[PDB]
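Below you'll find only one chain, the form solved without ligand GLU, shown as structure tokens.
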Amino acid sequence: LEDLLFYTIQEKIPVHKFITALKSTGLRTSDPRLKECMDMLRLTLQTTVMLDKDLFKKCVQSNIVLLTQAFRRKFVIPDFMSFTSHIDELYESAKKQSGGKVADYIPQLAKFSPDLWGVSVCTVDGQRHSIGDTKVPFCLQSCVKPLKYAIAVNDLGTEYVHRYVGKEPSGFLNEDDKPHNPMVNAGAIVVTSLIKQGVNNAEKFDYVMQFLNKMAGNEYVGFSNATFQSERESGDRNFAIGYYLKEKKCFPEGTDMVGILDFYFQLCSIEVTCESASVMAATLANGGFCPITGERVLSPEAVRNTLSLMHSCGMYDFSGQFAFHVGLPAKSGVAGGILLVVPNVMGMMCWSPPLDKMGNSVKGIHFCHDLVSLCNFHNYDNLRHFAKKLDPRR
């Protein structure tokens, strides 16, 4: 059982040899699902480097199931080292594109260097990879749109949420007097008013944060007050939208619109890194379960709706082309993030601040094209006949 695993890894295993093989699977020693095992190893090093069969069983037994899949290469991407080397090549290629313009409309976005570039990957199995500046905090901005949508649907269900907001691209209101979808400001503002009704903003914010925290496997989620204050002061177009929505009676009964706008600016100001965000995207890749905690964050219904709208509406005006050429659900944001989901496989956050004319981060856009150019991840690729493409699940 745990003995079997011992043999696949002589009389006694040096600990470092166990750790090194574990880290090659793509797992991180700090994985919450590995905690018992790692605690035991560290404790063992104290009271003791070689592990005999009996010691190994002792350290590895609590986590044995997860550990067996790792070593039996049952993970979604079994040769991860090979895959990450491709990710790096693609990272390097995109890094040669200097074009684009960093958003200057508020001091917090403008300060960011155009030359910051990073990519983080988290598979639905919890395998992690990062290259570039992946520990630098930035604001989600519109990348928050699908997440608060997912929350709303999780709590209120499809039918209700979509009384208030549309299901498709625009190509302020559709024929039915609703904003076109959750990924446009008008739609996001309305989705924001749907969450945790009848409570003050402080608890609403906290409530939302609980969700993000879980989606991120308790990795970094933070808040930029500097950005919130600036968004709120320069927010004229969003105020125009708010008054219009109120005038057309688009909000739930009793809504305080100005309060909702404040909440909305707050939500846009939430901070992540590529690493933590990649976990959020992996939760969406994993059907609502956080890949690194095994926790159930969101209903399958919420995740399906959200991925559908990211595919359709997620890239601003580039959505149609992105869907045709990339065919992956994604959400761009003005700070230069692109939240990417390859369903059943992994999730990513790509970050470079310079934007193209559509509003999309130039290196992210270029990286996403290459990713699908290389691998058979396009939504409508086939898993049997893919031509020259590479399939990393094999």
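In this text, residue numbers run from 1 along the sequence as written.
Query raised in the report: Does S24, which is modelled here, drop out in at least a third of the other compared PDB entries?
Result: No, none of the compared structures omit it.
Query - Other entries omitting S373, at least a third - result: No.
Report task. Pick one of none, 1 to 3, 4 to 9 or 10 or more for the number of deposited-sequence residues not modelled between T48 and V49. Result -> Gap between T48 and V49: 1 to 3 unmodelled residues.
Query - Missing residues, deposited sequence, between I19 and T20 (class: none, 1 to 3, 4 to 9, 10 or more) - result: Nothing is missing between them.
**Report entry** Residue stretch of maximal mean CA temperature factor, 82-90 vs 251-259
**Finding:** According to the PDB entry, the answer is 251-259.
Report task. Compare the mean C-alpha B-factor of 71-79 with that of 179-187 as given in the PDB entry, and name the stretch with the higher value. Result -> On average, C-alpha B-factors are higher across 71-79.
Report task. Kindly indicate the residue among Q197, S299, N238, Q141 with the greatest C-alpha B-factor in the PDB record. Result -> Spelled out: the listed residue with the top C-alpha B-factor is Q197.
**Report entry** Out of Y220, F322, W117, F112, residue topping the C-alpha B-factor column of the entry
**Finding:** Checking the PDB record, the top C-alpha B-factor among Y220, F322, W117, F112 is at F112.
Query - Third of the chain, ranked by Cα B-factor, where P137 sits - result: As the PDB entry reports it, the C-alpha B-factor of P137 lands in the middle third of its chain.
Query raised in the report: For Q10, does the deposited CA B-factor place it in the lowest, middle or highest third of the chain?
Result: As the PDB entry reports it, the C-alpha B-factor of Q10 lands in the highest third of its chain.
Query raised in the report: Which third of the chain holds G100 when residues are ordered by C-alpha B factor: lowest, middle or highest?
Result: Tercile = middle for this residue's CA B-factor.
Query raised in the report: Would the CA B-factor of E159 place it in the lowest, middle or highest third of its chain?
Result: For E159, the deposited C-alpha B-factor lands in the middle third.
**Report entry** Position of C59 among the chain's modelled residues by C-alpha B-factor, lowest, middle or highest third
**Finding:** It belongs to the highest third of the chain when residues are ordered by C-alpha B-factor.
One more form of this protein exists, namely the form solved in complex with ligand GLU; it is left out here, but the text below deals with it.
Query raised in the report: So which stretch, 273-281, 298-306, 139-147, 91-99, is the one near ligand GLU in the deposited bound form (non-hydrogen atoms, 4.5 Å)?
Result: So the stretch in question is 139-147.
**Report entry** ligand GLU in the deposited bound form: contacted by all of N185, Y316 and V334, heavy atom 4.5 Å
**Finding:** Checking in the deposited bound form: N185, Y316 and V334 are all within 4.5 Å of ligand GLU.
Report task. Have a look at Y243, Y105, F223, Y220 for me and say which one sits with a heavy atom within 4.5 Å of ligand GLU in the deposited bound form. Result -> Of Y243, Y105, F223, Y220, the residue with a heavy atom within 4.5 Å of ligand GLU in the deposited bound form is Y105.
Query - Contacting member of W117, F322, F80, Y264, with respect to ligand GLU in the deposited bound form [4.5 Å, heavy atom] - result: Contact with ligand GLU in the deposited bound form is made by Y264 alone.
Query raised in the report: Can any non-hydrogen atom of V153 be found within 4.5 angstroms of ligand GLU in the deposited bound form?
Result: Outside the cut-off, so no.
**Report entry** Contact test in the deposited bound form: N238 vs ligand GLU, heavy atoms, 4.5 Å
**Finding:** Yes - in the deposited bound form, heavy atoms of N238 and ligand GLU come within 4.5 Å of each other.
Query raised in the report: For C268, is any heavy atom within 4.5 Å of ligand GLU in the deposited bound form, or not?
Result: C268: yes, in contact with ligand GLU in the deposited bound form.
Query raised in the report: Counting only non-hydrogen atoms and a 4.5 angstroms cut-off, does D125 reach ligand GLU in the deposited bound form?
Result: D125 lies outside the contact set for ligand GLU.
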